[PDB]
Amino acid sequence: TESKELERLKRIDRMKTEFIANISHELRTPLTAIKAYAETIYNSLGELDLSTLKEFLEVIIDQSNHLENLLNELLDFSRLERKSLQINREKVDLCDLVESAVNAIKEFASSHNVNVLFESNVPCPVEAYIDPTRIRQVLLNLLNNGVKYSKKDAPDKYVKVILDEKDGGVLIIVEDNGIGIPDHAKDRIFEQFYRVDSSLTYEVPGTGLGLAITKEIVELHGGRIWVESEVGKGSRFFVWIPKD
Amino acid sequence: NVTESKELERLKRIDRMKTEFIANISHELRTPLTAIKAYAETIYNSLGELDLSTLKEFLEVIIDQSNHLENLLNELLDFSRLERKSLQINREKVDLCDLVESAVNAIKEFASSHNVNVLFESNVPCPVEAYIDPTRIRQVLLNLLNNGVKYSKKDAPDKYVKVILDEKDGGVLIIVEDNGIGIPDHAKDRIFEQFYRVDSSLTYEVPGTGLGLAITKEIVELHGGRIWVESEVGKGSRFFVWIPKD
Amino acid sequence: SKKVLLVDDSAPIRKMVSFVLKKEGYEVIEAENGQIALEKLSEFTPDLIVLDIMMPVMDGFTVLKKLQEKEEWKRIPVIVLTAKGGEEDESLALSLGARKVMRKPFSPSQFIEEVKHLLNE
Amino acid sequence: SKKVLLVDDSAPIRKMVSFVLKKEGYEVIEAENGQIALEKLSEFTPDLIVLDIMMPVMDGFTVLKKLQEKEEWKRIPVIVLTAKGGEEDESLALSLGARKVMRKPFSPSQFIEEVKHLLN
Ligand SMILES: Nc1ncnc2c1ncn2[C@@H]1O[C@H](COP(=O)(O)OP(=O)(O)O)[C@@H](O)[C@H]1O
Ligand SMILES: Nc1ncnc2c1ncn2[C@@H]1O[C@H](COP(=O)(O)OP(=O)(O)O)[C@@H](O)[C@H]1O
Ligand SMILES: [Cl-]
Ligand SMILES: [Mg+2]
Ligand SMILES: [Mg+2]
Ligand SMILES: [Mg+2]
Ligand SMILES: [Mg+2]
C-alpha cells in the first residue's frame, strides 16, 4: 500500500493547502470592512446622524459574524484533522430546533427558487439529550446541500425535513428533488474535501468538509448517517440519534 | 533523490507541524474577534445613550483589536503564501537604525524571560538609509532575534543576541550574533527549508513549527539579497543578511 | 473614593466595565474567577461587587452563597452581569442575595444608574 | 434626482459613500477601478464623480487626464477622495481638474456639504 499511501497523502495535502489559501483570503474582506467602518465613525465623532451611526455599526456586526463563521470553518477543520471535536448534551425540543433551522435557510432557498418544508410524523414536543448547536449545524449543512444541489430548470424544487422516532431514538430525514448522487460516489461523499466529480458543471462552490463534519458530529452523538438517492430523481439523507 | 519511505515520513512530519500551526492560530485569532464583537454589540444597543468619551474608547478598542487580528491574519497568510511560493514586497526608503531598534524593544520582554541581553551595534553613524520593505525587514529581524533567545544556552552566565549593522558600497550587511547552542554542520543548509527543525538533545524542549527562517529567506531574496548562517556547535551562531542598494 | 470589585472571566468585559467605572471616579479591582474574588476580599472590603455567573474554578452562584454567609461580606451590594438570560437564573441569583441581575450585552447608562443608586444608600 | 459616479478599488468605501449619497436622494453608479469608470462613462453622463487615486489597471491621475480631454467629460465636477498623505499629490490633482480633494477617512457632513455645493 505504501506506494499508493504516499500518492493518497500527497493528494490530501494539495486540498488542505487550497483550503487554507482560500479561507485566508476570505478572512481579509470582513476585517478590512470592520477597520474602515470603525476608523470612519471614530474620525467623525459627534458629527454624524444617529441613522448613519446605526447603519455603520450594523455593517461592523454583519462582518464580525461573517468573520466568526469563517473562523469556525477553520476551527472545525482543525478539530477534525486532530479528532478533537466535542459535544455537549442537553434536553432540547427537536421540533422547534429543526423549525428554527428551516427559518434560517429560508432566505437562501428563495434565492435559488427552492421551497423549504418541515413535516412531523409524531406529536411535536420531540425531546432528546443532544448538542443543540452542533445538531443545528448538522441540519443546516444538509439543508444547504439541498438548495445548492437542486435541479437547474425544474418546476417545483424543494427541501423537506421529516422528523420521526425509529427503534428507540430519533430519526431525521432531509429530502430533496435535486440532481441526485451517482452510485459510484455513494460512499465517497462523507469523506473530507470530497466533491462530486461533476461539481454541477463547476458552478457550485464548496470546500467538501460539510458532510465530513456532519458525520463526525452525528457519530459523536452515538448515531449514524446514511444516504439514499436515485441517479437523477433526488436525495434522502438519514440521521439517527439515540436519547441518553 | 530520496526513497519512497523517507518521502512519506517527511510529509507526515510536515503534516503534524502544519496541523499544530493551524490549531494554534485558530485560537489566537478568536481572542481579538471576541473583543471586537463584544464592543461592537455593546455600542450598538446603547446607541443613543453612550457618553461620547465612552464611545470614543469603545471604538479605539475595536480598532486596536482589528489591528491585532490583522497581524495574526498575516501570519496565516504568509504560511499560505509560503507553500504557494508567492510572497509580495513593498520597498520604501526607511531608516534601518530605528527599524532594528523597534525589533529590539519588541523582544526585550521575551529576551528577559531567558536572561538574554539584547545588543545593537553599528559600524557607521545613524541613520542608515535603505530602500527596503519596513514591515518585512522588521519581521526578518524579529525572527532572527526570537531564535537567538529561543535557542540560547539553557543555563549560561552571559547570554546575548547582538545585531551588527555595517554599511558597505554594494548595500548593507546585517549580522545577528548569538552565543547559544549553535548548529550542527549537516543542518547548516537545511534550517532555511520549510518546516525544518533541528532534532537534538538540547533542541527538544523548545517549541516551534520551523517557518521563521523559511519565510525570512524568501523576504531577503525578494529584496534581491542573500542570507546564510555561520556557526559552531556549543559556541554560538551568526546569521548574515545582505540587502543591496538599487 | 468608592472601590468596586469586578468579577468576570471575560477580559473584554472587564476592560469595558472597568473603564465606565473609572470614568465615574471609582477604583476598580479585577478578578478572573470566583476564587480570586474571595481571595481579594480578605485584603479589603469593596463598596460594590459586579459579578459574573459562568466562570472557571468558581461560579457566581457559589460566590453569592459564600458572600451571604460571611459576616463582613453579606452587607456588600452585588450587581450580577451575565449572559444567562433565563428567569430561573435571575430568581436564583436574587434569593442568593444579588441586588440586581443585568443581562449582557453591557449597557452602560442603565449600569451607571444602578451603581449610583446602590452606593448612595 | 442627480446621478453620481463612485470610483474606488476598496469595496467598503464604495458602500460607505453610496449609503450617505442615497440617504440624501442621489442615485449611485459604482466603478471598481479607473478604466471601468471610463467604460461606464460611455454608457451615460454623471452629475458628479467621486474619484480615488490608487487603483489597479488605471489610477486616479490618469482618469483626471482623460476626463479633461474629451468633449463631454471635461465639464463634470470631480471630487477626489484619497488616502494619500502627501499634499504634493493634492497640487497634482487640483491642477488636473479636481474641484476638491478630500482625505480619507471621509466625513459624511463635510462630504455632503461639498456635493450640494457643486450641484446648486
Ligand atoms: N442533496 C444533495 N444532492 C446531490 N448531491 C449532493 C447532496 N449533498 C451532497 N452532495 C454531493 O456530495 C458532496 C459532499 O458534500 P459536502 O461535504 O457538503 O461538499 P460541499 O461542501 O462542496 O457541498 C458535494 O460536493 C455534492 O456534490
Ligand atoms: N540562533 C540559533 N541557534 C541554534 N539553532 C538555531 C538558531 N536559529 C535557528 N536555529 C535552528 O533552525 C531551526 C528552524 O528555525 P526556524 O525556521 O526559526 O523555526 P523554529 O525556530 O520555530 O524551529 C530550529 O529548529 C533551530 O534548530
Ligand atoms: Cl468551544
Ligand atoms: Mg455543504
Ligand atoms: Mg523561530
Ligand atoms: Mg463568563
Ligand atoms: Mg485605493
# chains A, B, ... in the order shown; residues from 1 in each chain; ligands from 1
call {"tool": "residues_around", "arguments": {"residues": "residue 117 in chain C", "least_positions_apart": "4", "cutoff": "12 Å", "atoms": "only C-alpha atoms", "output": "count of residues only"}}
result
10
call {"tool": "residues_near_ligand", "arguments": {"ligand": "ligand 4", "cutoff": "8 Å", "atoms": "only C-alpha atoms and all ligand atoms", "output": "ChimeraX atom specification"}}
result
/A:141-142,144-145,206-211
call {"tool": "write_last_selection", "arguments": {"atoms": "N, CA, C and O atoms", "output": "PDB file, in the first residue's frame"}}
result
ATOM      1  N   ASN A 141     -26.197  22.103   7.341  1.00  0.00           N
ATOM      2  CA  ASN A 141     -25.350  21.523   6.298  1.00  0.00           C
ATOM      3  C   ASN A 141     -26.142  20.719   5.276  1.00  0.00           C
ATOM      4  O   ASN A 141     -25.887  20.806   4.072  1.00  0.00           O
ATOM      5  N   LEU A 142     -27.104  19.942   5.768  1.00  0.00           N
ATOM      6  CA  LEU A 142     -27.938  19.098   4.920  1.00  0.00           C
ATOM      7  C   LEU A 142     -28.942  19.915   4.106  1.00  0.00           C
ATOM      8  O   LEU A 142     -29.151  19.639   2.922  1.00  0.00           O
ATOM      9  N   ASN A 144     -28.587  23.144   3.316  1.00  0.00           N
ATOM     10  CA  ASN A 144     -27.761  23.885   2.368  1.00  0.00           C
ATOM     11  C   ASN A 144     -27.425  23.063   1.124  1.00  0.00           C
ATOM     12  O   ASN A 144     -27.501  23.570   0.007  1.00  0.00           O
ATOM     13  N   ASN A 145     -27.067  21.796   1.331  1.00  0.00           N
ATOM     14  CA  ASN A 145     -26.803  20.862   0.237  1.00  0.00           C
ATOM     15  C   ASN A 145     -28.017  20.644  -0.666  1.00  0.00           C
ATOM     16  O   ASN A 145     -27.871  20.427  -1.867  1.00  0.00           O
ATOM     17  N   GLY A 206     -17.760  25.105  -2.828  1.00  0.00           N
ATOM     18  CA  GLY A 206     -17.755  24.270  -1.626  1.00  0.00           C
ATOM     19  C   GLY A 206     -16.417  23.629  -1.318  1.00  0.00           C
ATOM     20  O   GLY A 206     -15.710  23.179  -2.221  1.00  0.00           O
ATOM     21  N   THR A 207     -16.080  23.581  -0.031  1.00  0.00           N
ATOM     22  CA  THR A 207     -14.810  23.021   0.432  1.00  0.00           C
ATOM     23  C   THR A 207     -14.833  21.491   0.496  1.00  0.00           C
ATOM     24  O   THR A 207     -13.784  20.847   0.432  1.00  0.00           O
ATOM     25  N   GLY A 208     -16.026  20.914   0.625  1.00  0.00           N
ATOM     26  CA  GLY A 208     -16.179  19.460   0.710  1.00  0.00           C
ATOM     27  C   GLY A 208     -16.005  18.920   2.120  1.00  0.00           C
ATOM     28  O   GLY A 208     -15.834  17.712   2.317  1.00  0.00           O
ATOM     29  N   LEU A 209     -16.047  19.822   3.098  1.00  0.00           N
ATOM     30  CA  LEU A 209     -15.940  19.467   4.510  1.00  0.00           C
ATOM     31  C   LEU A 209     -17.313  19.250   5.140  1.00  0.00           C
ATOM     32  O   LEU A 209     -17.447  18.498   6.106  1.00  0.00           O
ATOM     33  N   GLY A 210     -18.323  19.914   4.578  1.00  0.00           N
ATOM     34  CA  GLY A 210     -19.695  19.875   5.086  1.00  0.00           C
ATOM     35  C   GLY A 210     -20.115  18.532   5.646  1.00  0.00           C
ATOM     36  O   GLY A 210     -20.349  18.402   6.849  1.00  0.00           O
ATOM     37  N   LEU A 211     -20.191  17.531   4.773  1.00  0.00           N
ATOM     38  CA  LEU A 211     -20.645  16.193   5.160  1.00  0.00           C
ATOM     39  C   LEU A 211     -19.653  15.420   6.036  1.00  0.00           C
ATOM     40  O   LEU A 211     -20.036  14.457   6.704  1.00  0.00           O
TER      41      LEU A 211
END
call {"tool": "residues_around", "arguments": {"residues": "residue 56 in chain A", "least_positions_apart": "2", "cutoff": "10 Å", "atoms": "only C-alpha atoms", "output": "list in words"}}
result
residues 34, 36, 37, 38, 40, 41, 50, 51, 52, 53, 54, 58, 59, 60 and 61 of chain A; 44 of chain B; 15, 16 and 19 of chain D
call {"tool": "write_last_selection", "arguments": {"atoms": "C-alpha atoms", "output": "mmCIF file, in the first residue's frame"}}
result
data_model
loop_
_atom_site.group_PDB
_atom_site.id
_atom_site.type_symbol
_atom_site.label_atom_id
_atom_site.label_comp_id
_atom_site.auth_asym_id
_atom_site.auth_seq_id
_atom_site.Cartn_x
_atom_site.Cartn_y
_atom_site.Cartn_z
ATOM 1 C CA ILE A 34 -14.645 46.435 10.063
ATOM 2 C CA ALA A 36 -12.778 51.095 7.536
ATOM 3 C CA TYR A 37 -16.174 51.499 9.209
ATOM 4 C CA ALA A 38 -14.611 51.849 12.680
ATOM 5 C CA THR A 40 -14.699 56.374 9.793
ATOM 6 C CA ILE A 41 -17.017 56.534 12.830
ATOM 7 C CA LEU A 50 -27.944 58.656 14.569
ATOM 8 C CA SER A 51 -29.322 56.866 11.486
ATOM 9 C CA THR A 52 -25.876 56.760 9.835
ATOM 10 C CA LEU A 53 -24.211 55.790 13.107
ATOM 11 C CA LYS A 54 -26.714 52.925 13.343
ATOM 12 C CA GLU A 58 -24.667 47.099 11.695
ATOM 13 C CA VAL A 59 -22.004 46.635 9.000
ATOM 14 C CA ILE A 60 -19.340 46.167 11.694
ATOM 15 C CA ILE A 61 -21.605 43.498 13.256
ATOM 16 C CA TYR B 44 -24.989 49.237 19.099
ATOM 17 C CA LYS D 15 -20.650 51.011 0.307
ATOM 18 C CA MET D 16 -19.927 53.681 2.911
ATOM 19 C CA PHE D 19 -25.223 54.998 1.647
#
call {"tool": "interface_residues", "arguments": {"of": "chain B", "to": "chain A", "cutoff": "7 Å", "atoms": "only C-alpha atoms", "output": "list in words"}}
result
residues 8, 22, 23, 26, 37, 40, 44, 56, 59, 63, 66, 76, 77 and 80 of chain B
call {"tool": "write_last_selection", "arguments": {"atoms": "N, CA, C and O atoms", "output": "short mmCIF file (atom, residue, chain, number, x, y, z; two decimals), in the first residue's frame"}}
result
data_model
loop_
_atom_site.label_atom_id
_atom_site.label_comp_id
_atom_site.auth_asym_id
_atom_site.auth_seq_id
_atom_site.Cartn_x
_atom_site.Cartn_y
_atom_site.Cartn_z
N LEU B 8 7.71 9.68 2.59
CA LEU B 8 6.48 9.52 3.36
C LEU B 8 6.62 10.07 4.77
O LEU B 8 5.77 10.84 5.22
N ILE B 22 -1.95 25.51 12.44
CA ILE B 22 -3.35 25.86 12.17
C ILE B 22 -4.21 25.83 13.44
O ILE B 22 -5.05 26.71 13.65
N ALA B 23 -3.99 24.82 14.28
CA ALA B 23 -4.68 24.71 15.57
C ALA B 23 -4.41 25.91 16.47
O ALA B 23 -5.34 26.45 17.08
N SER B 26 -5.77 29.38 14.94
CA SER B 26 -7.22 29.38 15.08
C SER B 26 -7.65 29.96 16.42
O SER B 26 -8.57 30.78 16.48
N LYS B 37 -16.40 41.77 18.74
CA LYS B 37 -17.83 41.50 18.83
C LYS B 37 -18.47 42.12 20.07
O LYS B 37 -19.50 42.79 19.98
N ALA B 40 -18.54 45.92 19.74
CA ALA B 40 -19.50 46.30 18.70
C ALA B 40 -20.93 46.21 19.21
O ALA B 40 -21.70 47.17 19.09
N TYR B 44 -23.79 49.23 19.92
CA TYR B 44 -24.99 49.24 19.10
C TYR B 44 -26.30 49.29 19.89
O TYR B 44 -27.25 49.95 19.47
N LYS B 56 -15.87 56.87 22.23
CA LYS B 56 -14.53 57.07 21.68
C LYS B 56 -13.59 55.93 22.06
O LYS B 56 -12.82 55.44 21.23
N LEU B 59 -14.53 52.48 20.49
CA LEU B 59 -14.09 52.43 19.10
C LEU B 59 -12.58 52.21 18.97
O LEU B 59 -12.13 51.49 18.07
N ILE B 63 -10.62 49.19 16.98
CA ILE B 63 -9.54 49.47 16.04
C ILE B 63 -8.24 48.75 16.42
O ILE B 63 -7.59 48.15 15.56
N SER B 66 -8.76 45.09 15.89
CA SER B 66 -8.76 44.89 14.45
C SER B 66 -7.33 44.78 13.93
O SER B 66 -7.05 43.93 13.07
N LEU B 76 -0.94 33.76 9.16
CA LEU B 76 -1.63 32.68 8.45
C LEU B 76 -1.54 32.85 6.94
O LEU B 76 -1.42 31.87 6.20
N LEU B 77 -1.60 34.10 6.48
CA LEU B 77 -1.50 34.40 5.06
C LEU B 77 -0.11 34.04 4.53
O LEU B 77 0.01 33.46 3.46
N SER B 80 0.35 30.45 4.17
CA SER B 80 -0.34 30.01 2.97
C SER B 80 0.44 30.38 1.71
O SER B 80 0.56 29.58 0.79
#
call {"tool": "residues_near_ligand", "arguments": {"ligand": "ligand 6", "cutoff": "9 Å", "atoms": "only C-alpha atoms and all ligand atoms", "output": "list in words"}}
result
residues 8, 9, 10, 13, 33, 52, 53, 54, 55, 56, 59, 82 and 83 of chain C
call {"tool": "write_last_selection", "arguments": {"atoms": "N, CA and C atoms", "output": "PDB file, in the first residue's frame"}}
result
ATOM      1  N   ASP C   8     -15.256  38.642  36.499  1.00  0.00           N
ATOM      2  CA  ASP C   8     -15.669  38.075  35.209  1.00  0.00           C
ATOM      3  C   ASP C   8     -14.473  37.401  34.551  1.00  0.00           C
ATOM      4  N   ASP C   9     -14.701  36.244  33.937  1.00  0.00           N
ATOM      5  CA  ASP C   9     -13.626  35.527  33.252  1.00  0.00           C
ATOM      6  C   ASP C   9     -13.296  36.120  31.884  1.00  0.00           C
ATOM      7  N   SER C  10     -14.239  36.870  31.322  1.00  0.00           N
ATOM      8  CA  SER C  10     -14.051  37.501  30.021  1.00  0.00           C
ATOM      9  C   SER C  10     -13.287  38.813  30.160  1.00  0.00           C
ATOM     10  N   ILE C  13     -14.899  42.088  28.695  1.00  0.00           N
ATOM     11  CA  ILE C  13     -15.966  42.568  29.569  1.00  0.00           C
ATOM     12  C   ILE C  13     -15.380  43.413  30.700  1.00  0.00           C
ATOM     13  N   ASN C  33     -11.769  34.900  38.197  1.00  0.00           N
ATOM     14  CA  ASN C  33     -12.766  33.905  38.595  1.00  0.00           C
ATOM     15  C   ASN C  33     -13.274  34.106  40.022  1.00  0.00           C
ATOM     16  N   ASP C  52     -20.091  38.107  37.600  1.00  0.00           N
ATOM     17  CA  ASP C  52     -20.438  37.184  36.525  1.00  0.00           C
ATOM     18  C   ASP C  52     -20.931  35.855  37.111  1.00  0.00           C
ATOM     19  N   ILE C  53     -21.559  35.023  36.283  1.00  0.00           N
ATOM     20  CA  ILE C  53     -22.032  33.706  36.728  1.00  0.00           C
ATOM     21  C   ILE C  53     -21.150  32.579  36.189  1.00  0.00           C
ATOM     22  N   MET C  54     -21.049  32.475  34.865  1.00  0.00           N
ATOM     23  CA  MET C  54     -20.265  31.416  34.232  1.00  0.00           C
ATOM     24  C   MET C  54     -18.776  31.749  34.238  1.00  0.00           C
ATOM     25  N   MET C  55     -18.045  31.046  35.104  1.00  0.00           N
ATOM     26  CA  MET C  55     -16.607  31.229  35.298  1.00  0.00           C
ATOM     27  C   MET C  55     -15.932  29.894  35.638  1.00  0.00           C
ATOM     28  N   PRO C  56     -14.660  29.715  35.225  1.00  0.00           N
ATOM     29  CA  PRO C  56     -13.880  28.547  35.648  1.00  0.00           C
ATOM     30  C   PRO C  56     -13.582  28.568  37.149  1.00  0.00           C
ATOM     31  N   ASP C  59     -17.952  29.580  40.271  1.00  0.00           N
ATOM     32  CA  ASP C  59     -19.012  30.310  39.581  1.00  0.00           C
ATOM     33  C   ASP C  59     -19.687  31.336  40.489  1.00  0.00           C
ATOM     34  N   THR C  82     -24.492  39.054  33.527  1.00  0.00           N
ATOM     35  CA  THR C  82     -24.372  37.696  32.990  1.00  0.00           C
ATOM     36  C   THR C  82     -24.982  37.504  31.601  1.00  0.00           C
ATOM     37  N   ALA C  83     -24.491  36.486  30.897  1.00  0.00           N
ATOM     38  CA  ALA C  83     -25.062  36.052  29.628  1.00  0.00           C
ATOM     39  C   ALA C  83     -26.288  35.158  29.830  1.00  0.00           C
TER      40      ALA C  83
END
call {"tool": "interface_residues", "arguments": {"of": "chain C", "to": "chain B", "cutoff": "10 Å", "atoms": "only C-alpha atoms", "output": "number ranges by chain"}}
result
C: 10-13, 15-16, 19-20, 23, 104-110
